[PDB]
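Taking it in order: structure first as structure tokens, then the write-up.
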Amino acid sequence: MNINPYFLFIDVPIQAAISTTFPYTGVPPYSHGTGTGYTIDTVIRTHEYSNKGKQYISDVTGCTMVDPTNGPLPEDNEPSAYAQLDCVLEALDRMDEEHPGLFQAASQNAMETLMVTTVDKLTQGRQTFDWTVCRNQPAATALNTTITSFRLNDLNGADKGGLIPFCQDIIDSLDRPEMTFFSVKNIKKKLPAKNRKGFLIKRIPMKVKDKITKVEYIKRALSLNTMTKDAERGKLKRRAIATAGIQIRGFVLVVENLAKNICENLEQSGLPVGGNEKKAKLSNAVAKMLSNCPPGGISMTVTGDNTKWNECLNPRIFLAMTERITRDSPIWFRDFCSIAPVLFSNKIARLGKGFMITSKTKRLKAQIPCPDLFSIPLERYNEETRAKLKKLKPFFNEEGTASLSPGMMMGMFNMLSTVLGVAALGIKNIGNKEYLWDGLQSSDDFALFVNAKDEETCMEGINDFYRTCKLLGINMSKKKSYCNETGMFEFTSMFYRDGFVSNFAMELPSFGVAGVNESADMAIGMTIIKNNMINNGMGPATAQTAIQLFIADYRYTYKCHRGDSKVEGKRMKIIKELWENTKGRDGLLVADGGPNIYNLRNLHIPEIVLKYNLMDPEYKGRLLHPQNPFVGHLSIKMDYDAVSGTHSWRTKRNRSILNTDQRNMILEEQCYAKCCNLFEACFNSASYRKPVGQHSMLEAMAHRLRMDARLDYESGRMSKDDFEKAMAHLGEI
Amino acid sequence: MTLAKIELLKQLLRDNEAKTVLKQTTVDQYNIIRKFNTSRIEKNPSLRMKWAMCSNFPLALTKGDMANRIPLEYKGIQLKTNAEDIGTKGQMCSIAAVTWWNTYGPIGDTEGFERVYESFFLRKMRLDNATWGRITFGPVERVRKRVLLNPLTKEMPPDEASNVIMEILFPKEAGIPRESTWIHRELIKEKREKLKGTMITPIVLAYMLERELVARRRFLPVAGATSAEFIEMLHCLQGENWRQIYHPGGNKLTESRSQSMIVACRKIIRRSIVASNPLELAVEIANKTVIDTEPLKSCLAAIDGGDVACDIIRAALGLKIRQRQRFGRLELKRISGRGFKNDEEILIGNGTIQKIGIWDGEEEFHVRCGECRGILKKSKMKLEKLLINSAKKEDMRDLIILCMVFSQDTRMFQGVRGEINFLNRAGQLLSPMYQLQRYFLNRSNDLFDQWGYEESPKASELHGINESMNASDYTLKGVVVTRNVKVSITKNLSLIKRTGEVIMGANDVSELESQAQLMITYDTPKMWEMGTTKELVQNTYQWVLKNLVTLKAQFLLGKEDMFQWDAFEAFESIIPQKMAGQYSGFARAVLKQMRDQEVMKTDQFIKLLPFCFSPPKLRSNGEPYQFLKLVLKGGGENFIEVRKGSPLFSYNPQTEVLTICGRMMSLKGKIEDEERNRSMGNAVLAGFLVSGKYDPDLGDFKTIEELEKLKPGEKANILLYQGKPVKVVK
Amino acid sequence: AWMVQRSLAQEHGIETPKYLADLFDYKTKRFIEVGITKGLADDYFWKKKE
Amino acid sequence: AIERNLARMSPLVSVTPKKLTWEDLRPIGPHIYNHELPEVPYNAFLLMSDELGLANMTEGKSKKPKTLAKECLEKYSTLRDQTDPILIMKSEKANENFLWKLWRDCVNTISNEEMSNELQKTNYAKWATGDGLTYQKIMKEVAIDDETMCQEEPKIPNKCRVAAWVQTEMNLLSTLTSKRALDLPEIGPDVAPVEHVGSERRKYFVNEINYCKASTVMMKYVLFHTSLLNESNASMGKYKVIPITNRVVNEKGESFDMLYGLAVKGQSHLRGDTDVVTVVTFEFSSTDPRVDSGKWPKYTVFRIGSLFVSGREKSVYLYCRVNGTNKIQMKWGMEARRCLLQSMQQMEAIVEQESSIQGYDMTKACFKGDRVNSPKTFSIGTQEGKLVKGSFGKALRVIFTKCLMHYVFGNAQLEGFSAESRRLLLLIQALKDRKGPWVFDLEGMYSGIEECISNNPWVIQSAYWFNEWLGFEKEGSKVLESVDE
RNA sequence: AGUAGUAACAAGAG
RNA sequence: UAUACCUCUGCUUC
């Protein structure tokens, strides 16, 4: 008797048992080595979709530019990037006509937001391309380097605090003939020592001023870094993703804020709608389309998906979109909003590491940097790369980068593109034919409803929608998209079948131990179960099972099995002692080899708070010792409820930096850290609330400490000695 | 400590780097240089942790005495190492070091801990003190709504909350004084007193404060209970296919009762309306309804709120009826006069037409807003008199404005400028009057200017006031500031007074069916009856399938005996009363077709049998109303197709599987032999039979308007479901 | 300035001025507001008193 | 502008829609049936169905792994003492001598009296581990001049055909045993009725999986990877021997420690997450590889004795193989218990949906049947070309097994195949429901799916199963096609 | 060898 | 050339 797990689908329908078609217990595919091939693929294809447009050499950068917009319409189903401005403007006019006031209101909100937005805002951009060192760095560091660099070119917009002067300095820095910036280099110095030879050589780092010419700077300012996307689910082959510089961030923020402020008020945009609310939108949007045409009215649903979404959409359109949307706004704001598209219209793409060539005979390998990419016979590359490199040539730059005028990068203008999709959804009809379409949009993923009298019309409506989208540079995936009679459909891995079904598989990877620490991961671990019980349809048995499995994973990961158990380990050896010593054993946390007291009803309660009354005074005292060394200097995506105890620790820093030339940044860091740690002692609220001021960081401390001294004296805390000493010290400062 | 700070400052300033950093860096830029580090963003912490936990010294300590109290090793086990951490510049250590510290470390001060983390403990007492009830299996309609996740101390906007936190924790650094301080001075005082002696770091106190001040509102699937202290237990309260009665401990709000009470009463009424002798049901149910812990009796008795349904029930059990209304912030009680709403179109001041329900008839209310009290006398679009007391300026003002708007005066309607069709922050369109309220509450100058003035009362006890809420000789037209501060119920739930006049209309309650706040319980058999559309639909069809054995048999014996059955009364309470009869008359006929003639369809019989309860309504001709789909109350989804399947009801003849609101049922072993090639046309229209198949010469698929107008004995084409043409005759 | 003002007011134990004062007298424990008018002083005075 | 453009745009630009009919659904992966290709070989990390665990009764509490394997081998000395290699089958590029030397080194190293589980870095160990096999990095300046150096053509997965060992693995892993392997920890006491219902449900749901085969295999993978990861980081440069351990409880309630084999940990200076550590597996078995040779081309099989298994004597074989893993897969191994939740939730959904219909806990009803209702029955599989009805528990265990196999064979091929085939599934559902589904470029769907079928056993089997099912549905369609009309 | 799969590891660095 | 059967590193990007 041959078992067939598919035969379940004879009994239970596919949506009802959709969880079993997701292999999320398995491993997701990671990348290996270089992504240059994947980047080059994108560069070639992006131009492949627009090569019948207008080619021209940029007199600024000296790069090869291609312009599809207002180009010849396609005569085939190959991904077209040839959008038509007029049609976009009409699609916009329709949206404005049906949503009047939104266009200017959103702009005013975004403007009034911008005006308040400070520079520090840029620090929360995660990985950012640092143009000074030409590497992906933390946003804060990439920003700091850019500010310190700007300071050398007499650009102190940052000192004012606001974003506007900084952005001004950014667009101004383009005019600079030679951009100067710091670069660190080492120096030997004989420090005194008790070392036979009475001295020691420590390489003290020192900063050096380095110059870049206007063009070479502009090229970096316009550059985008690239890397293969790891762990991307539900796909065979890998692909590339990009990272932006510090310059464009401020200009994108505003545009996305605007597009957000717009999208929020649209009813056919699924962004920034929470996954839970997306159903509230979708099911209703369906309910509307259902009861609209009773008499033989065939309501069809189309499970949409777009191809080459990023590689077809052109900045030149987004510029027009900003220009239209900002109609009523003043000029400076239009000029402000217009910049990011202008940059993306003239952007440059970096090609990652390169390609590794080898000899099996000699067992040798070597990476060929993108500059040296062509310093070799093309026959020595493999068959595909040989084809790619030939096609890359016309868009290739001397310094080893690829010019890329058309197309967008993976995840840049999500909002503003979603708007362009909704704009397609806004037409609803063409030529007064007997049908009406509506739908929901989300970047490259869309769901299209079409109501009409007979399906022959519906299909022509869908065809009209397709042919329409072509004019916006939006390309529907004939291969991945499919249509059916309304009642069931799929949208961003959410499955509707006369009501959205659960897809428990999707969230299953989150059940594991998160990797923050013992304290947090518990809270997270229970909270995930608690939430998945509510939203994703997990019964009490399965939930209670997950409660067990998580503790199982938790105790192995953090090596903290039951104190009564006999599992051996360095920690366990002490845990057992703690078990023997402690009286209120049920008061012990699992991290301390305590018993799991959680169940369905108290998932939402922190373990410490649960067990507090069961703890011994010394144990809770030690566990919650106010000045314990394990918890660091805290400072106020999902958040959790947890208590700050000894299990709330932080791990060691990655030490690989120690034996590289970036050692400096440790001293550069700690140099700040000292000043900030002190400034926090002077101003305790600094940790909570962002301090404000364009004045000197020292001045504040001086004044504050002076007042502290004076008041501590006159109140009767400090003695005349301490006051005179304090004032004597401060006097010098 | 100051001396130490200054000394450390001087020691730091020696370092030219630190000096230049302190001199060059700005107070703004502090926010940047703080986040400067060599650290990188961990893209796979789930892995990196599992890896790191297998290393020797994964953790980093803080440099200090408490670190030095930890020994290097302990009974062979290496606790920590000499090597410093790059970030902390303190020693590194193994996780064991934690387990040591917890076992043999220094015992620290934990006084205040409970008050600091009070917010969390309140959950623990809200669970520990709670009491659980019954668990019931059966369908549950979950409505996805934004709700408050946790109960707060006092809800504020983030900006307002942070300032309070700042006032509590860092009073010297609060900066510019806000009004908030004066409003929450008692809260500040309290938290200041409660969090004084503790040793815990302020940054934690601010977090816990912000947790219990700032609100966490999120979209969730909810059914019944929506109060925070219910939401926090939501995972246990319900599923899709089960319900759990839960009674949380601690005190509960009055408004939370007032919220649910209304829904409960409305829901009782909506059911009891359809069944003859409504009062009987209403009383039967209301007697045994429960709001969380309080009976509906105790609630209606104790609370002085209600609206319409509440009074009707109040008069059904026997107690006073507070005819009170709420216009946003304005609270009204009825002194005399019963007005009637009439939908008209008004051309409002700014120059736009608006469909508004104008209230005809004279009316007199006892009025209160915040602290300001008064008496209101109004007529159809006119403030006749407004006799108020003196109070705070904003209350007097808002009282007068809310009265001006509530009165629907033309002087108000013709005092609009710009636009008044703005949505709320979520993006929802407010109602015509509440928009005018939200508008004139802000921009009142137009109203006050457009209103008009007149002579003040010269009676000693009376006074008049002007636009700025100050005494004046020229008062606002119709405004006065004075110094001085049985019933029975019908079978059909209308309240009559001794003089024969009726004051409450059974058909005067709101059809709007909102989610309650607390646990709405019905301590009776057949709870479902007071349920949602789909719940009732499902339970009904289930009850049909459960008794199909007898119900299908009696249909060959008892003529109209089945059509009326206890269970169907509920179902009918779903159906629009304007269609119930038309549906019943059709269903009964289509069924009678399958009875009297030799063409049965069990799947259809089951589908239609519930619709036949309500007394039928045929056309003038004697023929019933033909239908494509039978619509139900609420949600465009909720309808039963006649030819095709539908979101609520569909049938799969391949597996003989009946789908009801998603749930699967098996009809196998309960189907006749000849239902194989038995077309559906013989149970789609009443008094119609399939002759042949689609004959092009007959033309197109004829619609209901045509089919009803066709003469008896006349062929026509009909489309069952997509791709199934049929040739039918009358 | 606000830190100074609030520190002084809080340390001395008095209400914080809602506006930003100019000086503070240590002996009197009183904040001081300085005004530089052109015409009459009496005019500029009672306007501040409001 | 829009319409004026649409007017002048070429007709060739269209969506080319077509209404889907069942005959358009041609069986996916036409090559998997071609015998001209090699049948897909077993490529997992450890053995699953063919596993043979040496059982050692204990107190039921943790001991040191070396001591455990030592005592186990002490119990079963006859196999441990066997120094005489009886080679049955040999992996093409393996080395009998090195492998057997490695096996003996493992056995003896573990069997010895000292604490350390370290192996001497011998030549056979260096071969089996793959010492110094990494290429030497050099300057680009050199490599550019060196004309012999070239970019390597990438290795593309081979095109395998269907193999029955997968089918059998599925048939067996889903079957019941008398041995429970799970290590489920304690939870808080029940108070609310929901918790009692859940707890009462777990007795039915959990045990149904725990008693089955796949559970033990899973726990083996988990517990193994758990330690392998620890050694990989704790002892990077040291070759170490790690036992394939799993504690088990029989129906009587006696804790038997199971030793399925011994594994050699390679050199693990793992920097990047994807960086590989080579692990050499020596696993006991009772399977004669000559029977299904196509299954074991990656393995080297010895014959090291015999045991009284089910009363009768059975020949004990030693399956020797050079394997490899990394931080990612070890972590995902450690997080494999979840294979429960995905299969347990999916069915508890059905128990809840049923309980909704009849208004009480329908668990016992679904599993065993009851006074009112019959037990739940599902179409579980085929038998000489006809359906077969399996119980709820079997339907559960089948899903659990599937979810396990998702991990054990999880890779890009599985991701792509699942993702792309899910669409065709949904279309087939639309057809089953008669919702008149249309397609725009079906060859695209197919081309998208079929490129993911190369040399993944579960993919290649799932394709076959999919075609069989798709076959059986088309017989069902014939019932609907002529309804009414 | 092997892991693995459109490119990598099978240690790297001073 | 050497120190170097030494030293540093395991997400730290060139």
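We label chains A, B, ... in the order they appear in the structure tokens, count residues from 1 in each chain, and number ligands from 1 in the order shown.
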Would you give me, as a ChimeraX atom specification, the residues in stretch 282-325 of chain B that DSSP reads as strand (DSSP E)? /B:289-291,294-295,324-325
Quick check: residues of chain E within 9 Å of chain A, only C-alpha atoms (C1' of nucleotides), returned as a list in words.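 Going by the stated atoms only, the list reads residues 6, 7, 8, 9, 13 and 14 of chain E.
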Could you make a table, as a Markdown table, of the residues of chain B that have an atom within 12 Å of an atom of chain C, each with its nearest atom pair and distance in Å to one decimal, counting only C-alpha atoms, in chain and number order?
| residue | atom | partner | partner_atom | distance |
| --- | --- | --- | --- | --- |
| B:167 | CA | C:6 | CA | 10.9 |
| B:170 | CA | C:3 | CA | 10.5 |
| B:171 | CA | C:6 | CA | 7.6 |
| B:172 | CA | C:7 | CA | 5.3 |
| B:173 | CA | C:3 | CA | 5.6 |
| B:174 | CA | C:3 | CA | 7.7 |
| B:175 | CA | C:2 | CA | 5.3 |
| B:176 | CA | C:2 | CA | 6.9 |
| B:177 | CA | C:18 | CA | 6.1 |
| B:178 | CA | C:18 | CA | 8.6 |
| B:179 | CA | C:18 | CA | 10.0 |
| B:181 | CA | C:16 | CA | 11.5 |
| B:182 | CA | C:18 | CA | 11.7 |
Please identify all polymer residues within 6 Å of stretch 592-602 of chain A, counting only C-alpha atoms (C1' of nucleotides), omitting same-chain residues fewer than 2 positions from it, and present them as JSON, numbers by chain. {"A": [560, 561, 562, 563, 575, 586, 588, 589, 590, 604, 605], "D": [187, 188]}
Since we have the selection now, will you write its residues out, keeping C-alpha atoms, as a compact mmCIF listing (two decimals), in the first residue's frame?
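Result written to part-v6.txt:
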# COMPACT_ATOMS: atom_id res chain seq x y z
CA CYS A 560 20.10 25.37 31.39
CA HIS A 561 18.34 22.07 32.05
CA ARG A 562 16.40 21.29 35.24
CA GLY A 563 18.45 21.58 38.43
CA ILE A 575 22.74 25.11 38.37
CA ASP A 586 9.61 26.74 41.68
CA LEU A 588 13.83 29.68 39.93
CA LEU A 589 13.80 30.76 36.29
CA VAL A 590 14.37 28.14 33.59
CA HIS A 604 1.40 37.29 28.49
CA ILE A 605 3.07 37.45 31.92
CA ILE D 187 4.45 22.85 31.49
CA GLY D 188 2.37 24.73 34.04
Looking only at alpha helix (DSSP H) from DSSP on the backbone, list the matching residues of stretch 566-682 of chain B as a VMD selection string. chain B and resid 566 to 572 577 to 596 602 to 608
Could you dump the residues just selected with N, CA, C and O atoms as a short mmCIF file (atom, residue, chain, number, x, y, z; two decimals), in the first residue's frame?
data_model
loop_
_atom_site.label_atom_id
_atom_site.label_comp_id
_atom_site.auth_asym_id
_atom_site.auth_seq_id
_atom_site.Cartn_x
_atom_site.Cartn_y
_atom_site.Cartn_z
N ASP B 566 -39.41 26.04 15.86
CA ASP B 566 -38.70 26.85 16.85
C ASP B 566 -37.36 27.41 16.37
O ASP B 566 -37.05 28.58 16.57
N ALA B 567 -36.58 26.55 15.72
CA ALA B 567 -35.21 26.88 15.36
C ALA B 567 -35.12 27.98 14.31
O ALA B 567 -34.14 28.73 14.27
N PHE B 568 -36.13 28.09 13.46
CA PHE B 568 -36.07 29.00 12.33
C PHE B 568 -36.35 30.46 12.71
O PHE B 568 -35.96 31.37 11.99
N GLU B 569 -37.02 30.67 13.85
CA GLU B 569 -37.28 32.02 14.35
C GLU B 569 -36.00 32.84 14.39
O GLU B 569 -35.97 33.99 13.98
N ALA B 570 -34.95 32.21 14.91
CA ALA B 570 -33.64 32.84 14.98
C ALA B 570 -33.19 33.26 13.59
O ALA B 570 -32.92 34.43 13.34
N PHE B 571 -33.11 32.28 12.69
CA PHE B 571 -32.68 32.50 11.32
C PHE B 571 -33.36 33.72 10.73
O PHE B 571 -32.70 34.61 10.21
N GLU B 572 -34.69 33.77 10.86
CA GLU B 572 -35.47 34.87 10.31
C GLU B 572 -34.99 36.23 10.83
O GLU B 572 -35.08 37.23 10.12
N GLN B 577 -36.64 42.23 6.91
CA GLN B 577 -38.09 42.06 7.03
C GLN B 577 -38.80 42.46 5.74
O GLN B 577 -39.92 42.02 5.48
N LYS B 578 -38.15 43.29 4.94
CA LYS B 578 -38.72 43.74 3.68
C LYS B 578 -38.63 42.68 2.58
O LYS B 578 -39.14 42.87 1.48
N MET B 579 -37.97 41.56 2.89
CA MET B 579 -37.81 40.47 1.93
C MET B 579 -38.19 39.10 2.49
O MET B 579 -38.40 38.15 1.72
N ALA B 580 -38.29 39.00 3.81
CA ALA B 580 -38.58 37.73 4.48
C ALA B 580 -39.77 37.01 3.87
O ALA B 580 -39.68 35.83 3.51
N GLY B 581 -40.88 37.72 3.75
CA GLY B 581 -42.09 37.16 3.18
C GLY B 581 -41.91 36.77 1.72
O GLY B 581 -42.32 35.69 1.31
N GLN B 582 -41.30 37.66 0.94
CA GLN B 582 -41.09 37.41 -0.49
C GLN B 582 -40.24 36.16 -0.69
O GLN B 582 -40.49 35.37 -1.60
N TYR B 583 -39.24 36.00 0.17
CA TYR B 583 -38.40 34.81 0.15
C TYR B 583 -39.20 33.58 0.54
O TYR B 583 -39.20 32.58 -0.17
N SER B 584 -39.88 33.65 1.68
CA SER B 584 -40.67 32.52 2.18
C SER B 584 -41.68 32.03 1.15
O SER B 584 -41.82 30.82 0.92
N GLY B 585 -42.39 32.96 0.52
CA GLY B 585 -43.38 32.63 -0.49
C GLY B 585 -42.77 31.92 -1.68
O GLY B 585 -43.43 31.11 -2.34
N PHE B 586 -41.51 32.23 -1.96
CA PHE B 586 -40.79 31.62 -3.07
C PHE B 586 -40.26 30.25 -2.69
O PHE B 586 -40.49 29.26 -3.39
N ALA B 587 -39.55 30.19 -1.57
CA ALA B 587 -38.99 28.95 -1.05
C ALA B 587 -40.07 27.90 -0.84
O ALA B 587 -39.89 26.74 -1.22
N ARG B 588 -41.18 28.29 -0.22
CA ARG B 588 -42.28 27.37 0.03
C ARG B 588 -42.82 26.80 -1.28
O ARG B 588 -43.17 25.62 -1.35
N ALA B 589 -42.88 27.63 -2.31
CA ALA B 589 -43.38 27.21 -3.61
C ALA B 589 -42.41 26.27 -4.31
O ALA B 589 -42.80 25.21 -4.82
N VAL B 590 -41.13 26.65 -4.33
CA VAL B 590 -40.10 25.82 -4.94
C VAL B 590 -40.00 24.47 -4.24
O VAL B 590 -39.77 23.44 -4.88
N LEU B 591 -40.16 24.47 -2.92
CA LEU B 591 -40.22 23.24 -2.14
C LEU B 591 -41.47 22.43 -2.49
O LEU B 591 -41.41 21.22 -2.72
N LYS B 592 -42.61 23.12 -2.50
CA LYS B 592 -43.88 22.48 -2.83
C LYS B 592 -43.83 21.89 -4.24
O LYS B 592 -44.52 20.91 -4.53
N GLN B 593 -43.02 22.49 -5.11
CA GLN B 593 -42.76 21.91 -6.42
C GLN B 593 -42.13 20.53 -6.27
O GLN B 593 -42.61 19.55 -6.85
N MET B 594 -41.06 20.45 -5.49
CA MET B 594 -40.34 19.20 -5.27
C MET B 594 -41.21 18.19 -4.52
O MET B 594 -41.06 16.98 -4.71
N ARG B 595 -42.10 18.68 -3.66
CA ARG B 595 -43.06 17.81 -2.99
C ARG B 595 -44.08 17.24 -3.97
O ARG B 595 -44.08 16.04 -4.26
N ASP B 596 -44.95 18.11 -4.48
CA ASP B 596 -46.09 17.69 -5.28
C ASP B 596 -45.68 16.97 -6.57
O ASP B 596 -46.35 16.03 -7.00
N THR B 602 -32.41 17.16 -2.27
CA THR B 602 -32.18 17.27 -0.83
C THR B 602 -31.29 18.47 -0.48
O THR B 602 -31.54 19.18 0.50
N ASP B 603 -30.26 18.69 -1.29
CA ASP B 603 -29.33 19.79 -1.07
C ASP B 603 -30.03 21.14 -1.15
O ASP B 603 -29.65 22.09 -0.46
N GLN B 604 -31.06 21.21 -1.98
CA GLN B 604 -31.84 22.43 -2.14
C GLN B 604 -32.86 22.55 -1.01
O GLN B 604 -32.99 23.60 -0.38
N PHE B 605 -33.59 21.46 -0.79
CA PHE B 605 -34.53 21.34 0.32
C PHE B 605 -33.91 21.88 1.60
O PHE B 605 -34.48 22.74 2.27
N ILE B 606 -32.72 21.37 1.91
CA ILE B 606 -31.97 21.84 3.06
C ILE B 606 -31.67 23.34 2.97
O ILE B 606 -31.71 24.04 3.98
N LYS B 607 -31.37 23.81 1.77
CA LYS B 607 -30.99 25.21 1.57
C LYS B 607 -32.16 26.16 1.77
O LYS B 607 -31.99 27.24 2.34
N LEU B 608 -33.34 25.76 1.31
CA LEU B 608 -34.50 26.64 1.31
C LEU B 608 -35.38 26.51 2.55
O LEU B 608 -35.97 27.49 2.99
#
Residue hits in chain E, query chain D, radius 7 Å, only C-alpha atoms (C1' of nucleotides), as a ChimeraX atom specification: /E:1-3,5-6,9-11
With only C-alpha atoms (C1' of nucleotides) counted and 8 Å as the cut-off, give the residues of chain F in contact with chain A, each with its shortest interatomic distance in Å and the pair that gives it, as a Markdown table.
| residue | atom | partner | partner_atom | distance |
| --- | --- | --- | --- | --- |
| F:8 | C1' | A:659 | CA | 6.6 |
| F:9 | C1' | A:656 | CA | 5.3 |
| F:12 | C1' | A:657 | CA | 6.0 |
| F:13 | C1' | A:136 | CA | 6.3 |
| F:14 | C1' | A:135 | CA | 6.4 |
Å distance separating atom CA of residue D:42 from atom CA of residue D:295, one decimal place: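 For atom CA of residue D:42 relative to atom CA of residue D:295, the distance reads 5.3 Å.
For the pair atom CA of residue B:696 and atom CA of residue B:722, the interatomic distance is 17.1 Å.
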Give the residues of chain B that lie within 9 Å of chain F; count only C-alpha atoms (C1' of nucleotides), and format the answer as a ChimeraX atom specification. /B:38-44,48
What residues in chain A have any atom no more than 12 Å from chain C when counting only C-alpha atoms, and can you write them as a PyMOL selection string? chain A and resi 682-683+685+693+700-701+703-717
Within 8 Å of stretch 356-370 of chain B, counting only C-alpha atoms (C1' of nucleotides), which residues show up once you throw out same-chain ones fewer than 4 positions away? Write them as a PyMOL selection string, please. chain B and resi 329-346+374-381+395-396+398-399+408+432-433
